[PDB]
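In: Quick one: experimental structure and sequence below.
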Amino acid sequence: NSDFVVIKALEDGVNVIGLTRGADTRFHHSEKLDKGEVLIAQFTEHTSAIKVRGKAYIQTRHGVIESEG
Amino acid sequence: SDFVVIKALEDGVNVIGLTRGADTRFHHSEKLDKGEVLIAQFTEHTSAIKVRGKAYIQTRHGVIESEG
Amino acid sequence: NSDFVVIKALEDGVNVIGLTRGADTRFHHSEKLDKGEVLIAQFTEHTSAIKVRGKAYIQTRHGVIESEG
Amino acid sequence: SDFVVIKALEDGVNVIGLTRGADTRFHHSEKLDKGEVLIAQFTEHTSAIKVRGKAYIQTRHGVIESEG
Amino acid sequence: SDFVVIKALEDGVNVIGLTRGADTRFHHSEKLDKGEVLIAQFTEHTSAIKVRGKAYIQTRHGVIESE
Amino acid sequence: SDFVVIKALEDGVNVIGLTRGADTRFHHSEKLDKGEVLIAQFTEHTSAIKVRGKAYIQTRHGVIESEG
Amino acid sequence: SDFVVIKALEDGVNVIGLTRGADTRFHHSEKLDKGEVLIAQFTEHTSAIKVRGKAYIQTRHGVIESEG
Amino acid sequence: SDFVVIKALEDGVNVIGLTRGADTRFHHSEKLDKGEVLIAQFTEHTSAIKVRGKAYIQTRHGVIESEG
Amino acid sequence: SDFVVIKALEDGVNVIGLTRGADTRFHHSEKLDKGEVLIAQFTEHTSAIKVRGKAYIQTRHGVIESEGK
Amino acid sequence: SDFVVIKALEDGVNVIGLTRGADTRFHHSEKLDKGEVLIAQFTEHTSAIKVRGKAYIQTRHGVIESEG
Amino acid sequence: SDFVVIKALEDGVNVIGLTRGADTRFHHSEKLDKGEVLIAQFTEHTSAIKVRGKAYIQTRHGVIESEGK
Ligand SMILES: N[C@@H](Cc1c[nH]c2ccccc12)C(=O)O
Ligand SMILES: N[C@@H](Cc1c[nH]c2ccccc12)C(=O)O
Ligand SMILES: N[C@@H](Cc1c[nH]c2ccccc12)C(=O)O
Ligand SMILES: N[C@@H](Cc1c[nH]c2ccccc12)C(=O)O
Ligand SMILES: N[C@@H](Cc1c[nH]c2ccccc12)C(=O)O
Ligand SMILES: N[C@@H](Cc1c[nH]c2ccccc12)C(=O)O
Ligand SMILES: N[C@@H](Cc1c[nH]c2ccccc12)C(=O)O
Ligand SMILES: N[C@@H](Cc1c[nH]c2ccccc12)C(=O)O
Ligand SMILES: N[C@@H](Cc1c[nH]c2ccccc12)C(=O)O
Ligand SMILES: N[C@@H](Cc1c[nH]c2ccccc12)C(=O)O
Ligand SMILES: N[C@@H](Cc1c[nH]c2ccccc12)C(=O)O
């Protein structure tokens, strides 16, 4: 039942990086998206922070935001 | 528990479920032909969903479109 | 207490297909609706995704969408 | 639990409960004559409901009509 | 747990409760005469409610009328 | 738990509690005279309420009026 | 739990609590003089509240007025 | 758990807690002088609150004013 | 659990927490000077809060203003 | 669980966490330079937060501004 | 559990997590370069978040901007 974010890649090679939940913080996975693909990604037991690199249109419960490459 | 609506706008749209857990990889790909709709939840096994291909998508945060 | 989808068949032979919950994903049931019949179907312990094939008017909590045969 | 309102607009409308669980079959059909209203929940035993015949239906997602 | 409001618009209206559980049958029918109102929940014993006769009904999904 | 508000619009209005459970019968009838208000919950013992006599009624679903 | 606000519009208004349980009787009568306000919950002991006398009442369902 | 806001509009206003339980009696009377504000919850010990004297009151149901 | 916002509008404002339980008395008085904001919850130990002095107050029920002696 | 946002409008804004429990004193002070933002929850150890210095503050009840 | 969205408006923005509990200290500083977006929860380990550097911030209370150094 956690929140989720919507990431639409606006160019090739966007990275959606999950950061580890817990006392330690590191990248545990980078999912690479190509232009026009959409990832819908939850917060989870393993992921408590999500970093987006590259150009993407993003939706979350607080509205739209855009990352730039 | 949340769900995503996916409407295929062309043949071969691929809805890809990513594994929940410490590891991340795809565990299922459900292909849709033009005009079919898939309403898919997040689950004990799927904590992220990727859409490839042209599709019209509804989530609780609104509509979004994938481009194939 | 789970969410549900309303499906109204707009032609004969519409299939509402339930996909299994869990590590295994497959179709476990396909409900045939003929023109003008309505099915209101929940997500369940056994059904964690629902596929609609054929021409149908669908309502979810996200609004209306239409499937095309 | 959510519920659905079905108002029959002709005689012989059927409101059909489908079994919860790994098996899916009809377990009951409640017949409604014109102008009767049935207000029916989802339950431990009923995880999908089908309506046949002409009726005005209300759910949390709005009005829909079934036609015979 | 949710409830239904029924107002009888004529004499003889029946508000009928249907059993929760694997089996479905009527376990009670409450008769309403004209102008009487019944407010009735879903319960451990009642998972569906049928209205027969002319009445004004309100639920969470809005108004509907039986005839 | 939900409640209903009843304002008696004439003397002798009866607000009648119906028993929760397998059995359905009246366990109590509260008499209201004109201009009296009763605000009454659903409870462990009361799972349906009946109003007889002229009254103004509010519930979560809005206003309704019973007539004598 | 839900609560009701009652403002006495004249002297000697009674806000009466009816017992929760199989039995229904008055357990307490709170007298309000003109202009006093009582804000009163539903509780383990009180599952219905009756107002006698002229008062302005607010509940989650909006305003209603009891009259002498 | 809810609360009520009381602003005293003159000296000597009393905000009175009534005991939760089978018994209803006062328990505490908080004196507010003019301009003072008390923001008071419903609690394990208090299930009804009376205001005596001139005060501006806010609850989840809106504004109401007591008069001395 | 709910909280109240209090902004002091002059020096020497007191936000007083009253004890939760059968006993009612002041257990703490927090002094605020002009311009300072206190955001205080209701808690296991505080079930009523009194404000003495000129202050601008927000709660879930809206704005109210205390006036000093 | 609730949180406040604090934006420092000058150097040396002081966000002060008060200890949760029968005792009240501050257990931590986080200073912010001009333009920095702190987003801080109510927690097991903090049940009141004081802001000293010029800051722009957002909470669930709207915007408020501390002045130094 | 709540999250905040942070979009860096210049290079070298820091998103800093403060420890939950009786002890308060920084336990992690996530550097964002311009145009990158971080969506970060409150967690069992982070009960406060500080942003330093020019960034556009969304929370459930709306938009706020941090201003750089
Ligand atoms: N296996 C990952 C999948 C995931 C969810 N959200 C993510 C965000 C970024 C990267 C991976 C993910 C997890 O359960 O946490
Ligand atoms: N058996 C899968 C079915 C599923 C649900 N949502 C999905 C999204 C994509 C692919 C598969 C799925 C599950 O329970 O997780
Ligand atoms: N027996 C199935 C019935 C069902 C509910 N929703 C469905 C959607 C599609 C197909 C079947 C169903 C279940 O409980 O899961
Ligand atoms: N005994 C059935 C009654 C029922 C509830 N909703 C229904 C919908 C359709 C048909 C029967 C029902 C059950 O509890 O599940
Ligand atoms: N002793 C009754 C009181 C009651 C509550 N709501 C009612 C409606 C009608 C008649 C009595 C009541 C009970 O707890 O159920
Ligand atoms: N004893 C019944 C009373 C009841 C509640 N709602 C109803 C609707 C119709 C008939 C009876 C009822 C029950 O608790 O279930
Ligand atoms: N001791 C009573 C106090 C009370 C609350 N609400 C009331 C309404 C009317 C009369 C008394 C009360 C109780 O806990 O129930
Ligand atoms: N010790 C009292 C404090 C209190 C809260 N609300 C009140 C209203 C009126 C008087 C006292 C109170 C209690 O916890 O109940
Ligand atoms: N130690 C106190 C801190 C506090 C919270 N809210 C207050 C209101 C007024 C005075 C003190 C407080 C408590 O946990 O209760
Ligand atoms: N491992 C950290 C990750 C994190 C979440 N939100 C943060 C905010 C700032 C810094 C780190 C984080 C945690 O679970 O708490
Ligand atoms: N360790 C502190 C961190 C904190 C959260 N909110 C605060 C507000 C002010 C000062 C410190 C804090 C705690 O978890 O409580």
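Out: Arrived safely. Residues are numbered from 1 along each chain as shown, chains lettered A, B, ... in the order given. Ligands and ions are numbered 1, 2, ... in the order given.

In: Identify the residues contacting the residue in chain A sticking out farthest from the centre.
Out: For chain A, the residue at maximal distance from the C-alpha centroid (Cα atoms, centre = their mean) is residue A:23, at 20.7 Å. Contacts for residue A:23 (Cβ atoms under 8 Å, 6 or more residues apart in numbering or on different chains) come out as K:27, K:45. Heads up, the C-betas are built off the backbone N, CA and C, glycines and all.

In: do the same with residue A:27
Out: With contact set as Cβ under 8 Å, 6+ apart, residue A:27 has these partners: A:17-20, A:51.

In: May I have the beta-bridge partners of the residue nearest the centre of chain A?
Out: In chain A, the residue lying closest to the centroid (Cα atoms, centre = their mean) is residue A:16, at 3.9 Å. Legend: beta-bridge partners of residue A:16 under DSSP bridges are residue A:31, residue A:52.

In: Likewise for residue A:65?
Out: Beta-bridge pairing of residue A:65, defined through DSSP bridges, involves residue A:58.

In: was I right about residue A:62 contacting residue K:57?
Out: No. Between residue A:62 and residue K:57 there is no contact under Cβ atoms under 8 Å: 9.5 Å.

In: tell me the contacts of residue A:15?
Out: Going by Cβ under 8 Å, 6+ apart, residue A:15 touches A:30-33, A:51-54.

In: if we go to 6 Å?
Out: A:30, A:32, A:53-54 (Cβ atoms under 6 Å, 6 or more residues apart in numbering or on different chains).

In: Could you single out the nearest of these to ligand 1?
Out: residue A:30 (7.4 Å; Cβ to the nearest ligand atom).

In: any chance you could map the strands in chain A?
Out: For chain A, the strands defined by DSSP state E cover A:4-9, A:14-20, A:27-33, A:38-42, A:47-53, A:56-60, A:63-67.

In: closest point of chain A to chain E, which residue?
Out: Residue of chain A nearest chain E, by Cβ to the nearest Cβ: residue A:1 (21.7 Å).

In: re the thing from before, ok, the residue farthest from the centre of chain A to ligand 7 distance?
Out: 46 Å (Cβ to the nearest ligand atom, to the nearest Å).

In: residue contacts, whichever residue of chain A sits closest to chain C?
Out: The minimum distance from chain A to chain C, using Cβ to the nearest Cβ, falls at residue A:1 (11.4 Å). By Cβ under 6 Å, 6+ apart, the contact list for residue A:1 reads residue B:1.

In: let's go with 8 Å and repeat that
Out: By Cβ under 8 Å, 6+ apart, the contact list for residue A:1 reads B:1-2.

In: one step back: would you mind putting the contacts of residue A:15 into JSON lines with neighbour count and distance to residue I:39 alongside?
Out: Listed next are the contacts of residue A:15 as JSON lines, based on neighbours: other Cβ atoms under 10 Å in any protein chain shown; distance: Cβ to Cβ, whole Å:
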{"residue": "A:30", "neighbour count": "13", "distance to residue I:39": "38"}
{"residue": "A:32", "neighbour count": "14", "distance to residue I:39": "43"}
{"residue": "A:53", "neighbour count": "19", "distance to residue I:39": "36"}
{"residue": "A:54", "neighbour count": "22", "distance to residue I:39": "38"}
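
In: now, which of those residues sits nearest residue I:38?
Out: Comparing the contacts of residue A:15 against residue I:38 with Cβ to Cβ places residue A:53 closest, at 40.7 Å.

In: measure that closest one to chain G for me?
Out: Relative to chain G, residue A:53 is positioned 49 Å away (Cβ to the nearest Cβ, to the nearest Å).

In: With residue A:42 instead?
Out: Computed as Cβ to the nearest Cβ, the residue A:42 to chain G distance reads 34 Å.

In: mind listing what that residue touches?
Out: Neighbour list for residue A:42: A:2-4, B:2, B:42, B:47-48 [criterion: Cβ under 8 Å, 6+ apart].

In: Report the contact partners of the residue nearest to it when sequence neighbours are not counted.
Out: Nearest non-adjacent residue to residue A:42, counting by Cβ to Cβ, 6 or more residues apart in numbering or on different chains: residue A:4, 4.3 Å away. Applying Cβ under 8 Å, 6+ apart, one finds that residue A:4 lies in contact with A:40-43, B:2, B:42, B:59.

In: Distance of residue A:4 relative to ligand 4?
Out: Distance check for residue A:4 against ligand 4: by Cβ to the nearest ligand atom, it reads 32 Å.

In: try residue A:11
Out: Distance of residue A:11 to ligand 4, computed by Cβ to the nearest ligand atom: 50 Å.

In: closest point of chain A to chain G, which residue?
Out: residue A:1 (26.0 Å).

In: what's around the residue in chain A positioned nearest to chain B, how many residues?
Out: At 2.9 Å from chain B, residue A:36 is the closest residue in chain A, using Cβ to the nearest Cβ. Other residues within reach of residue A:36, judged by other Cβ atoms under 10 Å in any protein chain shown, total 19.

In: now swap in residue A:69 and tell me
Out: 13.

In: pretty sure it contacts residue A:35?
Out: No. Using Cβ under 8 Å, residue A:69 makes no contact with residue A:35, being 11.2 Å away.

In: Touching both of the two, which residues are there?
Out: With Cβ under 8 Å, 6+ apart, residue A:69 and residue A:35 have common neighbours residue A:11.

In: How much space separates the closest residue to ligand 8 within chain A from ligand 3?
Out: Residue nearest to ligand 8 within chain A: residue A:1 (33.4 Å; Cβ to the nearest ligand atom). As judged by Cβ to the nearest ligand atom, residue A:1 and ligand 3 stand 19 Å apart.

In: Quick one: distance of stretch A:26-36 to the chain centre.
Out: Computed by Cα atoms, centre = their mean, to the nearest Å, the chain-centroid distance of stretch A:26-36 equals 7 Å.

In: right, is it up against ligand 10?
Out: No. Shown here: stretch A:26-36 not in contact with ligand 10 (Cβ under 6 Å from any ligand atom), separated by at least 8.2 Å.
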